[PDB]
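Protein chains in written order, with the entry's author numbering: chain F, 380 to 569; chain M, 2 to 192; chain N, 2 to 191; chain L, 2 to 191. We treat Cβ as the ideally placed atom computed from N, Cα and C, and that holds for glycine.
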Amino acid sequence: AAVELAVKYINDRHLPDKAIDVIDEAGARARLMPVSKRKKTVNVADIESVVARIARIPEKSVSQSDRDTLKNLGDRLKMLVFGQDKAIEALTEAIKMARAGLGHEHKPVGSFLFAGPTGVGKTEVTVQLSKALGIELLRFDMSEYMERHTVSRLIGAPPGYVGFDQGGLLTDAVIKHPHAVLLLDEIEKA
Amino acid sequence: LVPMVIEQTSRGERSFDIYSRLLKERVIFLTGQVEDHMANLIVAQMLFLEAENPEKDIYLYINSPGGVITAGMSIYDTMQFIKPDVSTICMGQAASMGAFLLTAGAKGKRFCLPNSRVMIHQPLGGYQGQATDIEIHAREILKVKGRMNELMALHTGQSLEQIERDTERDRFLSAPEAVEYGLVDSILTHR
Amino acid sequence: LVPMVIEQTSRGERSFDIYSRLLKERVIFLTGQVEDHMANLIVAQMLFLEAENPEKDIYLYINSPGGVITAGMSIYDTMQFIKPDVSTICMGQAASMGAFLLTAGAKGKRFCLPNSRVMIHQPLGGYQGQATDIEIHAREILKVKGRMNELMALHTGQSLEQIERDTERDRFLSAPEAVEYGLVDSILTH
Amino acid sequence: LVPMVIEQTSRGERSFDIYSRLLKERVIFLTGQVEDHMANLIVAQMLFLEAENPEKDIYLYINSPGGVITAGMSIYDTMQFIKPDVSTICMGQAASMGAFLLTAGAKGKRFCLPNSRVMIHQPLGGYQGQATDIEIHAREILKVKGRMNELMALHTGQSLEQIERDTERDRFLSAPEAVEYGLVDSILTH
Ligand SMILES: Nc1ncnc2c1ncn2[C@@H]1O[C@H](COP(=O)(O)OP(=O)(O)OP(O)(O)=S)[C@@H](O)[C@H]1O
Numbered sequence: 380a381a382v383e384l385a386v387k388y389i390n391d392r393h394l395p396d397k398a399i400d401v402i403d404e405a406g407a408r409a410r411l412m413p414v415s416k417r418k419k420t421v422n423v424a425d426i427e428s429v430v431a432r433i434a435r436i437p438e439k440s441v442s443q444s445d446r447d448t449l450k451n452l453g454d455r456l457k458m459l460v461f462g463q464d465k466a467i468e469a470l471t472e473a474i475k476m477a478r479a480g481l482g483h484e485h486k487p488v489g490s491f492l493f494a495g496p497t498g499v500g501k502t503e504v505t506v507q508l509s510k511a512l513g514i515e516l517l518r519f520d521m522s523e524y525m526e527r528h529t530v531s532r533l534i535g536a537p538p539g540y541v542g543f544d545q546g547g548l549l550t551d552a553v554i555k556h557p558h559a560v561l562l563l564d565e566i567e568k569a
Numbered sequence: 002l003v004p005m006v007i008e009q010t011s012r013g014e015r016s017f018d019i020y021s022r023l024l025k026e027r028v029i030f031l032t033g034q035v036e037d038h039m040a041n042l043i044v045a046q047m048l049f050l051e052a053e054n055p056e057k058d059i060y061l062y063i064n065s066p067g068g069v070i071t072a073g074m075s076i077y078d079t080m081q082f083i084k085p086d087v088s089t090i091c092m093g094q095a096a097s098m099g100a101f102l103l104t105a106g107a108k109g110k111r112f113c114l115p116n117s118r119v120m121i122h123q124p125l126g127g128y129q130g131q132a133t134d135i136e137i138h139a140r141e142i143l144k145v146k147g148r149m150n151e152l153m154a155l156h157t158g159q160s161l162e163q164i165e166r167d168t169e170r171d172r173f174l175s176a177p178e179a180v181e182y183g184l185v186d187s188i189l190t191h192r
Numbered sequence: 002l003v004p005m006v007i008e009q010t011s012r013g014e015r016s017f018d019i020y021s022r023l024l025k026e027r028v029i030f031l032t033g034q035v036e037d038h039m040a041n042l043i044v045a046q047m048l049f050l051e052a053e054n055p056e057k058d059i060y061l062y063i064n065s066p067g068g069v070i071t072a073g074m075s076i077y078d079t080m081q082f083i084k085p086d087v088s089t090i091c092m093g094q095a096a097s098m099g100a101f102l103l104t105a106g107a108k109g110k111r112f113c114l115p116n117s118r119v120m121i122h123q124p125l126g127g128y129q130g131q132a133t134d135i136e137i138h139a140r141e142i143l144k145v146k147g148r149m150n151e152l153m154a155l156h157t158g159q160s161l162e163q164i165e166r167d168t169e170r171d172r173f174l175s176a177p178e179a180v181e182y183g184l185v186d187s188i189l190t191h
Numbered sequence: 002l003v004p005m006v007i008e009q010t011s012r013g014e015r016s017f018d019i020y021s022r023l024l025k026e027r028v029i030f031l032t033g034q035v036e037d038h039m040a041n042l043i044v045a046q047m048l049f050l051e052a053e054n055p056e057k058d059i060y061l062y063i064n065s066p067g068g069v070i071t072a073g074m075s076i077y078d079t080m081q082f083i084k085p086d087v088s089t090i091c092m093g094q095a096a097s098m099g100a101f102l103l104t105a106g107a108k109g110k111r112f113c114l115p116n117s118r119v120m121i122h123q124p125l126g127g128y129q130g131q132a133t134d135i136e137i138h139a140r141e142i143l144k145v146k147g148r149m150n151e152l153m154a155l156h157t158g159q160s161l162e163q164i165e166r167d168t169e170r171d172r173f174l175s176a177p178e179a180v181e182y183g184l185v186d187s188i189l190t191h
């Protein structure tokens, strides 16, 4: 679990050193936290705590904890959104489908095209889904990327041309938060 | 001499004729004497608009001084067949076909302007040749008149006898008077 | 002037004439006195639609007062040859050739509007000149009428003797009465 | 031919016609004899401008020798119905339905050029046929005649009796006289 979780969440560091870091930290935390419990064994629970803290995420990387939220993900979401209940079922099932480990390795967790008239609340579902799943939120507007030369702002300008040094906002944000939710408003205008 | 208008649509700016832009908003323009050629454009616009959005209601201006009975009926049948409610506004002038198509709009949606003049007369047709042929042709013109009065009665709601008396001779109806007759409804006059 | 209507496509909107967009939807309109150029124009449209789709029906709206008989034969021979059934919706007047064109329509797809009127009469190709040449011209017109009546009875199914008796003088049929005579199989109202 | 003018827009250079360029600035040209087709074109231009910016004022330049009274009434009705103040600048000449639409313009914005010449006369319509038909058509000309006097007296502000006597015979009014008469508020100043 420690090696698999570090590669899945701790992308900045390499596998040989980062994996030992999790094992080393779990030993120190497994010894400090118990108060008369004498829980010498190091279960998967301790691994989740250290990886989360060192990954700077809100408890997303935990085992058997997400299943509780997945069980009632639509329920807790319906309390912050009113209407479009049918959409919640499609979105929540695909999320669980991807999280079950049955998805494809060379594709994202799930690609969706929310379609509805303006103001229905698709952005609200996304701003609440990220807080629920403990992931960051990436927001982009394709209204400013309708030109031919503006497309390079997402992936970055080619070498030897203006805009190369800072890079692309899309790839940069993804590398900074590989577990965030990507939101692209008004994709048709792109 | 058709001016061009720029539409600031999403992802681009496109130039279209003044008439074409209004067709995007389901605003058809009927002008001049009705004929087989101009009728195809109105019919084409109605069918095209239906495919784009059956829910939206089509609009139809009427500024015609008359026209052919055969070509006029095509607009009437096409208007009724299309699901969208076809509004019937009258600008400047109305005639036998202008008034026949004016009253075919969905009840309530049809409207009229304050200074519009509605002329309702019986169909006029002339044929020459062999006496026997004129007799057959004579029956046709009578039947067309009968088909016009009954359909007009359905929309206006007036009895067939009353309309026939007025229709037999040239008749003119003012915009306020037309509302009482039932040809049209008054304009909202709200800004 | 013909209004330009934009047809939305994935690449982007492309402006097209009202008639052009209708052709895209398999809708072909016919109007005005039949002419060789007019007949050949409708012929090119029929061939293009067949190649685009060989199964979908091609609508043919006839709102003409009649024209040259020879020009009409070209349209009739092109309609029978094409595999897709032609939907001859009569939206108004239909003279001798108008009736012939709609009757040629495939059975089961011919429609008529409630207030439409179909006028059927015999052909008139009257020519004046030397009696010797008139003999061949006189013989020719009867052959076309016989050929047209034979093909007309094949489509409708009425007795040939009755058709010629009726067609000798101008006949006017109403839309309700037209279906009784067999000109149009059904009526389109909704 | 109509000259083409270029507009300086930040996005890119946009080609325009001389009439279309001025149409983009809420300027309508009522040039030539009043006619059904030409009048309908003006009606569309008014609606287009109203939707773009109802708060702005639509300008109308009336330089016409008169025409069909029925067609002109269409311009009069739409002008009042639309919220934008329809300014009326009479350039060069005015006649029946030219002056009527000139006075119909919103108060406080009507104007006349220094050398412009107005002309107002009673509608001249003649009908031929059976005596019964002349009686109905003759009465209609009396109704519309009175209807123009009533509406002309409203915008102009003159008494009903004065308008009937003046309109009975053709009257030519100079631009200074027009201000005194009431057809226009004032003459344009450099
Ligand atoms: N169904 C909803 N339930 C709860 N709050 C909503 C709902 N719809 C809109 N809101 C609120 O309205 C705010 C403004 O709407 P936006 O989120 O800007 O809409 P939008 O994302 O542009 O709309 P679409 O339809 O998704 S393009 C949201 O952020 C919510 O606070």
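- Runs of the beta strand (DSSP E) lying entirely within the segment 23-94 of chain N, each at least 3 residues long, are 28-32, 59-64 in chain order.
- In terms of beta-carbon proximity, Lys450 of chain F stays away from the interface with chain M, with every pair separated by 8 Å or more.
- Residues of chain L whose Cβ lies closer than 9 Å to the Cβ of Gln94 of chain M are, in chain order, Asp37, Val69, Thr71, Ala72, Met74, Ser75.
- Any heavy atom of ligand 1 counts here; residues with a Cβ closer than 5 Å to one of them, in chain order, are F:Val460, F:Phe461, F:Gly462, F:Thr497, F:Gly498, F:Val499, F:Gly500, F:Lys501, F:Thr502, F:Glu503.
- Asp18, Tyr20, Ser21, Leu24, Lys25, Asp37, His38: these are the residues of the segment 18-38 of chain L whose beta carbon lies less than 8 Å from some beta carbon of chain M, given in chain order.
- Bridge partners of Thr10 of chain M according to DSSP: M:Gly13.
- Between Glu162 of chain M and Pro66 of chain L, the alpha-carbon positions lie close to 45 Å from each other.
- Proximity to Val6 of chain M across M:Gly73, M:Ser21, M:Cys113 peaks at M:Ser21, based on C-alpha coordinates.
- Per DSSP, reduced to three states, the secondary structure at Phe112 of chain L is strand.
- Within the DSSP bridge table, the entry for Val119 of chain M names M:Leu174 as partners.
- For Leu42 of chain M, the chain N residues whose C-beta falls within less than 8 Å of its own C-beta are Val3, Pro4, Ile19, listed in chain order.
- By the Cβ criterion, the segment 102-112 of chain M is not in contact with the segment 124-141 of chain L, since fewer than three pairs of Cβ atoms, one from each stretch, lie closer than 8 Å.
- Just so you know, the alpha carbons of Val119 of chain M and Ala96 of chain M end up roughly 6 Å apart.
- Per DSSP, the continuous beta strand (DSSP E) segment holding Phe519 of chain F begins and ends at 516-520.
- For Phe112 of chain M, no Cβ of chain L is located within less than 8 Å of the residue's own Cβ.
- A direct Cα-to-Cα measurement between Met47 of chain L and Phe30 of chain M gives close to 14 Å.
- Residue range 560-564 is occupied by the beta strand (DSSP E) that includes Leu562 of chain F.
- In the DSSP assignment, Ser187 of chain L is bridged to L:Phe112.
- Shortest Cα-Cα distance from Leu512 of chain F to any of F:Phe491, F:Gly500, F:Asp445, F:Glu523 involves F:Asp445.
- Distance between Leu103 of chain N and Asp37 of chain M, taken at the CA atoms: about 17 Å.
- Judged by their CB atoms, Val87 of chain L and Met98 of chain L are not nearer to each other than the 8 Å cut-off.
- Rounded to whole angstroms, the gap between the alpha carbons of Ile90 of chain N and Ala176 of chain N is 12 Å.
- With fewer than three CB-CB distances shorter than 8 Å, the segment 485-494 of chain F does not count as touching the segment 524-538 of chain F.
- Residue pairing by DSSP puts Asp18 of chain N in a beta bridge opposite N:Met5.
- Annotated as proximal: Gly73 of chain M and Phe101 of chain M, with beta-carbon spacing under 8 Å.
- Within the segment 169-180 of chain L, no residue places its CB atom closer than 8 Å to a CB of chain M.
- No Cβ of chain N is located within less than 8 Å of the beta carbon of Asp86 of chain M.
- Taken atom to atom, the span from the alpha-carbon of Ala154 of chain N to that of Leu114 of chain N is near 22 Å.
- For the pair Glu438 of chain F and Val386 of chain F, the Cα-to-Cα distance works out to about 16 Å.
- Across the set M:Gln34, M:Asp58, M:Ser16, the C-alpha of M:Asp58 shows the shortest separation from the C-alpha of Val28 of chain M.
- For the pair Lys84 of chain N and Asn54 of chain N, the Cα-to-Cα distance works out to about 10 Å.
- Judged by DSSP in its simplified three-state form, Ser444 of chain F adopts coil rather than helix or strand.
- Between the alpha carbons of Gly68 of chain N and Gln463 of chain F lies a distance of about 59 Å.
- Residue contact with chain F for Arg12 of chain M: present (Cβ-Cβ distance below 8 Å to some residue of chain F).
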